[PDB]
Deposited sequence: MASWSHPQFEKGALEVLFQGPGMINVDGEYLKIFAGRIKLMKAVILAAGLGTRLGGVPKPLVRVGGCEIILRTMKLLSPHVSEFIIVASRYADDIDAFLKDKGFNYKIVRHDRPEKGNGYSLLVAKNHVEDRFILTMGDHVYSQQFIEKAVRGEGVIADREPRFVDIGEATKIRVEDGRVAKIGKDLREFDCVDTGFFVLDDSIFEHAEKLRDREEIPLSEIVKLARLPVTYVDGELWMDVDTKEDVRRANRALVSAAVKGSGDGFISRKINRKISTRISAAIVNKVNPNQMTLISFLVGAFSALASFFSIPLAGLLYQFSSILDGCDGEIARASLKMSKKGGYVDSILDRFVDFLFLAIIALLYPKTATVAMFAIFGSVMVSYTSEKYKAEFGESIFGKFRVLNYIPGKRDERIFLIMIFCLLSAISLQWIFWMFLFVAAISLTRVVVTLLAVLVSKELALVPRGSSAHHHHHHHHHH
């Protein structure tokens, strides 16, 4: 594993580009978290906001040091020159204002020289650093190139030979990192159609938010064809406004209130229940997109789910004791569905290695409950059939799952 050099000089909603938050995470922190397993030490080149960037990275638990220079207007190339003494052999060079998906960086750090993209999806083809290739090597570079075989992603894997070509321009007034790439005749590595972009406008942030969240999505039929399409739009909107823990609480409160909502108008309680089901997938989407995933959150979220599922069925039963005997089976089967998956992962170390095709997971189950709650206003006879239906599909899935593991 080598060293990585991140360049932050210019330009500057009042917040410096590396510290601008995209998808519930600041740009420079996202880069470091993804490069971390592949990198021994991080070298940041900062000028005006060096103190701000340094003060931010202190408790992040990363191995880093900031290299300062007070002359940012002489180009991105000079930022590279001043970092010469802090690197050895092979190293990584990336931009502080660029956003990268984990899929991109995995196919990046294995590359060499310039990382190129033959068909950029998320950036402006008009404004982009265009590259023409000859002999798998950079024959040209620029924003205005007429004939180009790929586009610069702002990611580079370089070596000690790059300083020799860089020192050649040391006496220039402005030293664009672009021109340096030409002289060195650098190898072109291809990573195409992945998620990468440069953040400039607050509009770019929103476009990136959607991109990261969309890329962040055991789903069932309802979850696939309905719930995920509603939740991703909500998540992308609140992605840097709300953190995964707050979303866990919100989805729990909505869910709990939906269970309480059966005191007045049960058919309404079912609608709110389905809406809580839609929301329940937001914290995961946010955590995945912000790289904020934590075992503690997954644990708590699952327990609150189990409590909401219960409170909803048990509150109906409190009002209608005739169905309370059937409620037992629905309630028990409801938890056992989750327990079968969870006991598996604890014991075998991995999730589920099976066929779906048997209803039903929480998403489908809740959806039917909503309908049966709607049929309630017509007739109270549909309640009993709800409890029995829930108990039927749950326990069946639980038994088949048990009967499946027996054979191995």
Gaps in the model (deposited sequence, numbered from 1): 1-39, 52-54, 260-262, 398-401, 458-479
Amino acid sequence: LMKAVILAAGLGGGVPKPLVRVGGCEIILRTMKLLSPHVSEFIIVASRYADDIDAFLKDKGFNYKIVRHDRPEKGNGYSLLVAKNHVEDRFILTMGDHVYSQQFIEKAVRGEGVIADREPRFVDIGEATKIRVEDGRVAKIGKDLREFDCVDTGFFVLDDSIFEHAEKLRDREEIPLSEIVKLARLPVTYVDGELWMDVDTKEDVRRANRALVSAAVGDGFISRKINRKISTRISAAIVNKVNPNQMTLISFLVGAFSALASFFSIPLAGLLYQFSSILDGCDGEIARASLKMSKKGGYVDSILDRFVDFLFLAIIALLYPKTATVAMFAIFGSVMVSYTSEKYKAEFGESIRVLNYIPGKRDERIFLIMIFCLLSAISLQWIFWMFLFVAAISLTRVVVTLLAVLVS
From here on, numbers count along this sequence of modelled residues.
Segment of higher mean CA temperature factor, 41-49 or 340-348: 41-49
276-284 or 108-116, whichever carries the higher mean Cα B-factor: 108-116
Residue of maximum C-alpha B factor among 241, 98, 224, 74, per deposited coordinates: 74
Candidate residues 194, 204, 305, 159, the one whose C-alpha B factor the record puts highest: 159
Ranked against its chain, the third holding the CA B-factor of residue 155: middle
Third of chain Cα B-factors occupied by residue 300: lowest
Assigned third (lowest, middle, highest) for the C-alpha B factor of residue 402: lowest
Residue 386 CA temperature factor, ranked by third within the chain: middle
Ranked against its chain, the third holding the CA B-factor of residue 149: highest
